[PDB]
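If you read the sequence from its start, that first residue is 1, and numbering goes on from there.
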Amino acid sequence: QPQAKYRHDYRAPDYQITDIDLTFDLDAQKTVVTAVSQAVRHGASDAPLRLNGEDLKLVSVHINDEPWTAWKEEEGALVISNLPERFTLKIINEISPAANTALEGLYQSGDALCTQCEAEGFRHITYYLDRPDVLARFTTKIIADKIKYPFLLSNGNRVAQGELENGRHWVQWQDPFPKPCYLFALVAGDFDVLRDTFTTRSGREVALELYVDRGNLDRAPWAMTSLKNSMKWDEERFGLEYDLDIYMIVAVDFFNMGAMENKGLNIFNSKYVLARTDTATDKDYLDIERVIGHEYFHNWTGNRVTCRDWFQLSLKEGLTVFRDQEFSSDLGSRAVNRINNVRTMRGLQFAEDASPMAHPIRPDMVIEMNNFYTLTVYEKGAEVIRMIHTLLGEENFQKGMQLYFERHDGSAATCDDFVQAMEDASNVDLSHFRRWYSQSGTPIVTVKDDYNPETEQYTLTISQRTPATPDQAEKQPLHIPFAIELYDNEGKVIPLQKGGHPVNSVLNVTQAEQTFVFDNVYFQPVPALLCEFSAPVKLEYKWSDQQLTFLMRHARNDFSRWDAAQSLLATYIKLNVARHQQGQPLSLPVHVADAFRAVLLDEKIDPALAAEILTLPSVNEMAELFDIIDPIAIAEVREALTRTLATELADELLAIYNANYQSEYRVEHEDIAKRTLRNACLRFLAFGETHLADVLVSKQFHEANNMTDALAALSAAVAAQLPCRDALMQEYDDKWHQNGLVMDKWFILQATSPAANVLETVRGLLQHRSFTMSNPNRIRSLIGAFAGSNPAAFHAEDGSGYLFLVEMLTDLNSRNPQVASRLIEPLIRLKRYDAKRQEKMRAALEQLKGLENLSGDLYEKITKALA
Ligand SMILES: CC(C)C[C@H](NC(=O)[C@@H](O)[C@H](N)Cc1ccccc1)C(=O)O
Ligand SMILES: [Zn+2]
């Protein structure tokens with residue numbers, strides 16, 4: 001297995017390549033690549049040029065057209081010795097796109113040929129300096145059969161084109177912007193193309209082109225609209241304009257991730273492009289908006305300024321995720337977006353930070369870089385950027401962005417460079433703050449308060465600590481922006497002050513323990529703590545149920561109201577899981593049910609907020625409330641809680657469900673909010689009197705005039721195991737079996753079903769007409785959903801879930817390591833479960849560990865999980 005690489009070993013390259021001219025003689029079985037690079041030595045004169053290469057058939061090596069004899073091929077490299085200070089390197093090699101099942105480098109997607117080069121896929125195309133601090137100007141000539149590949153695309157603009165004998169043709173592209181090879185892209189195939197235009201604020205007219213498989217034009221307008229929305233927003237919010245003449249996006253069916261920001265030629269998983277009202281849900285529309293925007297935002301945060309090395313991945317991913325969240329939030333509901341992102345942080349990222357794979361947002365050790373496009377690097381990375389925004393304020397934050405681009409435009413930078421730019425532009429000291437980049441694990445912030453009537457002072461005693469993680473035995477206090485707000489008994493905000501001077505609501509929690517005193521607090525306050533999730537930490541405060549219901553009705557920020565409800569539910573989710581383990585039924589105080597009844601009947605509350613408060617935490621969110629996870633107890637308690645609320649709020653739920661009916665379907669935020677609330681109510685109504693529920697659900701499925709409402713009904717039928725379930729599921733299959741993206745929703749429902757025979761059903765679906773092990777989307781929607789989204793079934797006491805996953809991973813380890821690595825994650829969490837389960841999970845991991853040709857992707861995770 002390959003050795004681990006460490007951030008502290010970074011060293012500038014001995015050679016730089018300033019320009020590269022590529023020529024591809026394209027063919028699915030045998031592609032011939034000719035690469036002419038202009039190299040310049042920067043290191044010692046006796047240093048050899050070390051080129052990275054994987055699975056390449058070397059044809060020849062020339063230096064200034066002279067056949068070179070001073071070279072040697074070694075594991076993953078071509079080492080060239082005795083070179084001039086400046087020279088022209090010419091490499092000719094062959095590759096086989098059709099044989100590329102890992103989908104890394106140049107591969108085949110259906111009948112099209114396309115690429116994926118990040119993190120290190122370009123080395124699978126030709127021998128090169130496959131490191132992001134080497135920026136070269138690319139020129140790409142593509143030669144191919146005209147009938148099979150009428151469209152030949154690469155980064156930049158077309159500078160040449162011609163016809164050849166034997167029905168072949170070629171096109172040459174030039175991208176003026178120097179770039180690391182991970183941003184290189186090539187696409188060849190036959191597509192339908194949606195063309196539009198966007199005029200920047202300064203007048204630059206940009207040609208927009210969206211390439212989709214023939215017959216998919218009816219699902220392309222929303223993505224195009226989202227691209228234009230993204231371009232406009234970046235101008236308005238960040239003052240950034242697109243910098244090229246054309247913007248191409250190609251939607252492909254076979255892609256390991258969601259999308260890729262290749263300069264001027266983004267390549268997208270079709271899941272994040274294709275949408276029409278009968279195939280896509282409101283969520284799909286908003287996800288397409290998010291991803292289209294995300295990759296577009298990389299044009300500046302990632303492309304114009306790239307990464308010095310891969311340990312600096314968060315420099316572009318954390319910042320770009322922050323940007324896509326601000327984009328979504330500005331255009332839609334900021335409260336809903338913040339709530340959703342906090343659910344991801346608390347329910348998924350915290351779990352990772354408490355797992356064997358824990359790492360700082362800026363990793364120190366990496367074996368397989370593809371294993372580091374994580375919730376930590378992305379989501380926590382964004383939370384760190386957001387904390388900088390919280391500490392600086394929008395104005396100074398933008399000044400920091402401006403200085404960052406001024407200093408690093410056209411180069412590869414580091415996380416430290418970014419922080420320095422923010423510090424220098426704002427004059428805000430971020431020296432202590434920097435620890436957020438080096439320390440893994442989730443900080444735990446404990447708060448104790450006291451109200452002194454004699455002095456009319458409110459005191460907060462705040463403590464912090466980060467438990468040790470398997471990767472770091474030493475932990476230190478962080479600079480935690482801790483936002484608060486105090487309310488009097490009328491729900492009015494109490495001015496924060498001390499010694500006659502106002503105090504900022506964002507407290508600087510920088511020590512292991514500290515006190516914060518506020519005077520002129522005339523009456524005992526109810527505090528709102530860690531407002532808007534001001535820092536990615538776990539809050540420990542002894543809330544009374546009344547303080548929480550008070551906040552649910554009076555908190556100024558909608559997020560606080562949702563957050564208070566989560567704290568209220570946590571107490572009873574924990575209470576009932578303990579009861580479940582002792583064979584006792586659900587117990588819930590009347591005043592708790594009343595709090596949710598109040599939310600339903602509050603006419604002043606935003607439907608968007610009400611919908612989220614009425615959406616119970618997922619089983620994965622619930623799992624984080626426990627030291628030792630009991631997946632079956634959690635799943636059954638979640639259903640029991642749903643049933644109890646459905647019974648206690650039956651009339652109110654139906655009233656709100658009916659009140660939010662909308663005849664017209666619009667992908668507009670106000671409409672989406674009402675529909676989300678209506679369907680939130682439907683989830684509960686599905687657990688009402690069987691016949692009543694069955695009729696209501698089947699009715700919505702059949703009368704729905706959009707996929708959002710149809711899927712909501714189908715999901716409810718499956719969740720409540722209603723009589724109509726089998727009929728509706730078969731009807732969906734018969735109508736959509738030919739559409740993979742649509743069937744993925746169906747596979748997810750089958751995989752996350754509460755039915756006793758779910759595994760048997762999932763295994764059988766491996767033979768379904770709409771499923772195929774060759775497609776990452778299908779794999780993740782069926783197998784991934786089962787293992788990661790149905791922990792109750794995956795963790796069946798008999799161990800059947802683990803055995804099934806081992807079978808699937810034995811296949812995927814050889815076929816597609818990246819997808820295999822995404823799928824093994826559930827097994828890596830073994831220490832969070834009981835002894836019996838740990839034993840079975842360890843056995844499963846040991847079996848995988850002994851696999852012939854074990855991929856580095858899995859090796860890295862298996863090793864840490866078995867430690
Ligand atoms: C909206 C985005 C956060 C979705 C996300 N895509 C990205 O982050 C891209 O900008 C990544 N740069 C693409 C990528 C992902 C994984 C490994 C190598 C390369 C993805 O999941 O593909
Ligand atoms: Zn990204």
Side-chain angles (χ1 to χ4, degrees), residues 103 107-110 112 114-116 118 185 187 189 191-192 194 210-227 230 248-262 266-296 298 321 324 328 340 344 373 378 667 706-708 710-711 714-715 732 736-752 768 770-786 788-789 816 818-819 822-823:
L103 316 186
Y107 67 95
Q108 186 172 58
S109 177
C114 59
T115 58
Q116 177 46 42
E118 182 188 7
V187 174
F191 310 99
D192 264 322
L194 175 58
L210 176 56
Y211 295 79
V212 301
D213 289 339
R214 291 293 188 175
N216 289 308
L217 278 179
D218 65 350
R219 286 192 288 176
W222 174 244
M224 180 62 83
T225 300
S226 292
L227 175 57
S230 300
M248 297 175 276
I249 292 176
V250 181
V252 299
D253 289 329
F254 293 84
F255 204 64
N256 285 334
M257 48 294 279
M260 181 60 216
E261 73 274 19
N262 318 115
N266 292 182
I267 293 177
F268 274 57
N269 182 309
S270 61
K271 187 179 301 295
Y272 296 115
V273 174
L274 311 180
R276 70 189 202 204
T277 70
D278 61 317
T279 66
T281 64
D282 290 328
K283 183 181 183 301
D284 291 322
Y285 277 90
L286 297 184
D287 280 340
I288 288 165
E289 177 180 77
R290 178 192 179 220
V291 182
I292 286 283
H294 183 96
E295 306 315 332
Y296 177 71
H298 267 310
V321 165
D324 83 51
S328 295
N340 261 294
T344 295
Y373 285 75
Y378 280 64
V667 179
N706 65 86
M707 180 59 90
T708 300
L711 186 61
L714 187 61
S715 300
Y732 189 100
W736 300 111
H737 68 86
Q738 70 294 327
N739 194 307
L741 294 179
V742 176
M743 288 303 288
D744 282 335
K745 303 299 205 308
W746 191 85
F747 286 127
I748 290 169
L749 287 180
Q750 294 281 206
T752 61
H768 192 284
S770 306
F771 181 82
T772 178
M773 289 293 275
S774 65
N775 188 290
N777 285 35
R778 301 303 99 71
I779 294 169
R780 300 175 66 179
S781 301
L782 180 63
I783 304 165
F786 174 76
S789 297
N816 190 331
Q818 289 183 64
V819 181
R822 299 183 76 73
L823 265 54

Within the distance-only criterion (no hydrogens, no angle test), does the side chain of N775 pair as donor or acceptor with the backbone N or O of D253 below 3.5 angstrom?
-> yes

Drop me the distance from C114's SG to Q108's CD, to the nearest 0.5 angstrom.
-> 9.5 Å

Who passes ring-ring contact (aromatic ring centres under 6.0 Å, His included) against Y296, sequence neighbours left out?
-> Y247

Tell me, with the steps shown, if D213 and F191 meet side chain to side chain contact (heavy atoms under 4.5 Å, CB included).
-> CA-CA 5 Å; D213 289 339; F191 310 99; 4.2 Å; yes

Between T115 and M260, is any pair of side-chain heavy atoms under 4.5 Å apart?
-> no

Qualifying residues under ring-ring contact (aromatic ring centres under 6.0 Å, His included), relative to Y373, sequence neighbours excluded = none

Using the ring of each side chain (for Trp, its six-membered ring), is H294 parallel, tilted or perpendicular to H298, with breaks at 30° and 60°?
-> perpendicular

Yes or no on side chain to side chain contact (heavy atoms under 4.5 Å, CB included) for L741 and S270, after CA distance, side-chain angles and deciding distance?
-> CA-CA 8 Å; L741 294 179; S270 61; 3.8 Å; yes

To the nearest 0.5 angstrom, please state how far the CD1 atom of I267 sits from the CE atom of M257.
-> 10.5 Å

Salt bridge (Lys or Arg N to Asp or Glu O under 4.0 Å), paired with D284, selected from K745, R290, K271 = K745

Residue pair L103, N816: steps toward the side chain to side chain contact (heavy atoms under 4.5 Å, CB included) verdict = CA-CA 7 Å; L103 316 186; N816 190 331; 3.8 Å; yes

Quick one: CZ on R778 to CZ on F771, what's the gap to the nearest 0.5 Å?
-> 9.0 Å

Is a donor on one side and an acceptor on the other found under 3.5 Å between the side chain of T279 and the backbone of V742?
-> no

Do you know which two heavy atoms are closest between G293 and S230, and how far apart they sit?
-> CA-OG, 3.1 Å

Taking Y285 for the side chain and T277 for the main chain, is one N or O donor matched with an acceptor at less than 3.5 Å?
-> yes

Contact summary for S226 and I292, nearest pair of heavy atoms | C-CG2, 3.8 Å

Which heavy atom in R822 sits nearest to a heavy atom in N256, and how many Å separate them?
-> CD-O, 4.4 Å

Residues which pass ring-ring contact (aromatic ring centres under 6.0 Å, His included) with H768, listed by chain and number, not counting sequence neighbours = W746, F747

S715: partners by side-chain contact (heavy atoms from CB on, under 4.5 Å), with sequence neighbours left out = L711, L749

How about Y272 and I249: do any of their side-chain heavy atoms sit closer than 4.5 Å?
-> no

Got a donor-acceptor contact below 3.5 angstrom from the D192 side chain to the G215 backbone?
-> yes

What are the two closest non-hydrogen atoms of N262 and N266, and how far apart are they?
-> O-ND2, 3.0 Å

Residues two or more places apart in sequence or in another chain: which of them pass side-chain hydrogen bond (donor to acceptor under 3.5 Å, both in side chains) with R219?
-> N216

Only counting residues at least two apart or in another chain, list the ones meeting salt bridge (charged side-chain N to carboxylate O under 4.0 Å, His left out) with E118.
-> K316

Distance col, row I779:CD1 vs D744:CG, nearest 0.5 angstrom, shows 11.0 Å

Start with the C-alpha distance between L210 and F268, add both sets of side-chain angles, then the distance that settles side chain to side chain contact (heavy atoms under 4.5 Å, CB included), and finish with yes or no.
-> CA-CA 10 Å; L210 176 56; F268 274 57; over 6 Å; no

Using atom types as modelled and distance alone, determine if a side-chain donor or acceptor of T752 lies under 3.5 Å from a backbone N or O of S789.
-> no

Is there side-chain contact between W222 and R276, with heavy atoms separated by less than 4.5 Å?
-> no

Quick one: does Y107's side chain have a donor or acceptor within less than 3.5 Å of a partner on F254's backbone?
-> yes

